[PDB]
């Protein structure tokens, strides 16, 4: 069933499992693989004939998590074009920047549209076209008037790095990249046509897009989108039950929200899942434990990033091997090595930078010779993460190179301290971070959010940490707070929190 293009793979799947469920919208749609396939074909043909889309063209998309987004994303890549999904919550300025930098030639939205995006597009003289799915007997409706062979080297997906420190870097991903990652993800979790999941992550980042959506479709499995096009803790388990879900994937903060929902409003019964997946940010062992005890499924942590078309490594299914708390498992379908600054491969349990090489990895940042020279060598990409392999070949992350806290020559891992903080009975959320320090160069601080109805002090936290950490690792200042800002993808950014609490 395998192919070296995502479109080819999806065609094979559609032909093999035409009547199996592919894509649901809770309470509304239930598209089969054949139906979805033909909707995509007709939409792509419309893009080519009526929207003037040529091979290599970039088409921007800004949608909530909707059926129209799925259909139009796959239609764009089918037409040999490059899809550039964008955060719908962007301002007109942000939209203008990302539209310009990606050289988008077309903007796709729903019929309801997106005012900042349309403003940016109008300013840049980029055409705007809407997409709407009506009844099951009609093709997707496009607002434009009136033998395609996909090449593995065709561009298919264009995204950007976060660009906190620097300018956001463009990440071009190919049909081959997508196919490779879909195959890796399907392989390591043994996704088959009987599987089913609910999307709880934004589809304009690779976690939700590749793992949640594309790999499921690539397995002939089913995907359910929440009715309101976004994660909802309230409707999550009802959707999971109603549409026969067998797994789900999310980031730790989302898992935390789900656990809180389980504490406040426990379901009388939970469906028996094959596994629960976590990725995109370190999962504290205590969160793993709480998830497994609450929902009774094995929790598998994975390690991924945009430049790798998501998946780099994962803990295996229980039938294939154990899953280790504190670890992100073994590389899947790609090479991975731990290198010191001199480029030498490290022995087990020796730290260094995680580097990868495989058909899932981007060929390089768009129009950025510097970043590519710095990031790539002989096919190997530098992730920016420090980690080590244990004797079983399981990867243990230590943290972002730029985030490690150098206290008087002794490097502190914020991940470890975060985990410790989350083990405190009255701590709802927590984040450690480096701050300037006169004596030690850098010092560790942290911020925590107490569980509602509980009271926590700085020195409670400090005492607990001192009880669970070597003295030099203990946060010298603990900031009690009510809110910790998160990205759309669900990440807490250490530098931002730091700045926020330091001056």
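Residue numbers count along the first chain shown, from 1.
Enquirer: According to the entry, how many residues of the deposited sequence fall between residue 146 and residue 147 and are not modelled? Options: none, 1 to 3, 4 to 9, 10 or more.
Expert: According to the record, 4 to 9 deposited residues lack coordinates from residue 146 to residue 147.
Enquirer: With reference to the PDB entry, specify whether the mean Cα temperature factor is higher for 384-392 or for 422-430.
Expert: The stretch with the larger average C-alpha B-factor is 422-430.
Enquirer: Averaging CA B factors per stretch from the PDB record, which one is higher: 466-474 or 22-30?
Expert: Mean C-alpha B-factor is greater for 466-474.
Enquirer: In terms of CA temperature factor as recorded, identify the highest of 153, 103, 239, 96.
Expert: Highest C-alpha B-factor among the listed options: 103.
Enquirer: Name the one of 320, 353, 335, 344 with the greatest CA B-factor according to the PDB entry.
Expert: If I rank 320, 353, 335, 344 by C-alpha B-factor, first place goes to 344.
Enquirer: When the deposited Cα B-factors of this chain's modelled residues are ordered and cut into thirds, is residue 183 in the lowest, the middle or the highest one?
Expert: Residue 183: CA B-factor falls in the middle third of its chain.
Enquirer: Using only modelled residues of the chain, where does the Cα B factor of residue 56 rank: lowest third, middle third or highest third?
Expert: As the PDB entry reports it, the C-alpha B-factor of residue 56 lands in the middle third of its chain.
Enquirer: Using the B-factors in the PDB entry, rank residue 119's C-alpha atom against the chain and give the third, lowest, middle or highest.
Expert: It falls in the middle third of the chain.
Enquirer: Going by the entry, which third of its chain does the Cα temperature factor of residue 439 land in?
Expert: According to the entry, residue 439 has a C-alpha B-factor in the chain's highest third.
Enquirer: Grab the CA temperature factor for residue 90 from the record and place it in the lowest, middle or highest third of its chain.
Expert: Within its chain, residue 90 is a middle-third residue by C-alpha B-factor, going by the deposited values.
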